[PDB]
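In structure tokens, one chain follows: the form deposited in one PDB entry.
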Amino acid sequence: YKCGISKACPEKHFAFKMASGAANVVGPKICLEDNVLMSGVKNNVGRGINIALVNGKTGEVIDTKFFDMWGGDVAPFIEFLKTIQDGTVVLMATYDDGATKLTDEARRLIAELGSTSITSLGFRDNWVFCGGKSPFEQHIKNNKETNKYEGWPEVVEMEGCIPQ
């Protein structure tokens, strides 16, 4: 029940629970081993892609950062992705828009962490991913005919167990 997940995790596994943001008003949330890594109440989330780096052995946070994929520059995001070392658990959640400023290099870099949905990520699609230098990847496409919100899809949620 760590992170409030439905099924308990076995040995040498980290429990995790994550959600994308809701439209441009509720920030994403990332929890691991009952520790909230990123959230709105923590005030360490923002528009774009929100990324948490976790030590693959201890399960403790290394770093948390967010990059504006609507109004920001992709270059600091690309630099930050190139710093991720082997063994590090990387958790990514979208907030509002995570795709407009993405480049083929940025998408290739995320794909190398184990992502299949990043290549096709589009304007305002919601997406959560837990990988490392897959699986655990979930997305909801931005679709005007189906969207819960006026211009944005519903929050996408994911939970599971990462091997140590």
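Heads up: residue numbers just count along the shown sequence, starting at 1. Rigid core: the largest C-alpha set superposing within 1.5 Å between the two forms. Shifts are known only where both forms have a C-alpha.
The discussion below concerns the form deposited in another entry, not included here.
Asks: Core fitted between this form and the one not shown: which of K29, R124, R47, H139 shows a C-alpha shift of 2 angstroms or more?
Replies: Single hit from the list, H139.
Asks: Core aligned, does the CA of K12 move at least 2 Å between this form and the one not shown?
Replies: After core superposition, the C-alpha of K12 moves less than 2 Å between this form and the one not shown.
Asks: Do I140 and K7 have their C-alpha atoms closer or farther apart in the other form than here, with the shift being 3 angstroms or more?
Replies: Between the C-alphas of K7 and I140, the gap narrows in the other form (3 Å or more compared with this form).
Asks: Since the Cα separation of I140 and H13 moves by 3 Å or more in the other form, tell me which way: closer or farther than here.
Replies: It is closer: in the other form, the C-alpha atoms of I140 and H13 lie at least 3 Å nearer than they do here.
Asks: Taking the rigid core as reference, which runs of at least three consecutive residues show Cα movement of 2 Å or more between this form and the one not shown?
Replies: When the rigid core is held fixed, residues 134-164 make up the only run that shifts.
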